[PDB]
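Sequence positions in the sequence shown follow PDB author numbering and run -2 to 0, 386 to 468.
A short write-up of the structure that comes next.
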Amino acid sequence: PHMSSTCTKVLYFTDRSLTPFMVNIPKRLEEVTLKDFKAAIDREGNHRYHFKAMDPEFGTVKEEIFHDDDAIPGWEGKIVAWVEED
């Protein structure tokens, strides 16, 4: 079963693993929201979400995002995220 090109691949780290997980979002990227990431990683409970971003002032940072509806940062079809127990 084959996927479309409107994939965005996500690497995510978890509290409970040393090795990242890789999953895909069936959205482009300018379309992915915390809602979609949430679903994709399908972990349940209370978590905090931090994402690889570039801020023009601080450089590369892990920027926390909270709201289902917020857009999430990525680059060239890739998202990098960290999940924690909250």
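Ideal placement from N, C-alpha and C gives every residue a C-beta, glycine not left out.
For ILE423, the enclosing alpha helix (DSSP H) begins and ends at 416 to 423. As DSSP reads the structure, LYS434 sits in a beta bridge with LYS444.
Counting every other CB atom within 10 Å of its CB across the protein chains shown gives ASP397 a total below 16, marking it as exposed. Within the same chain, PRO402 and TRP464 come within 6 angstroms of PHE395 by CB-CB distance, once the 5 residues on both sides are set aside. In the three-state reduction of the DSSP assignment, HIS429 falls in the strand class. In the DSSP assignment, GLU466 falls within the unbroken beta strand (DSSP E) covering 460 to 467. C-alpha of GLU467 to C-alpha of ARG425: approximately 10 angstroms in a straight line. Listed in chain order, the non-local C-beta contacts of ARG430 below 6 angstroms within the same chain comprise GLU466 and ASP468, local neighbours out to five positions each way being set aside.
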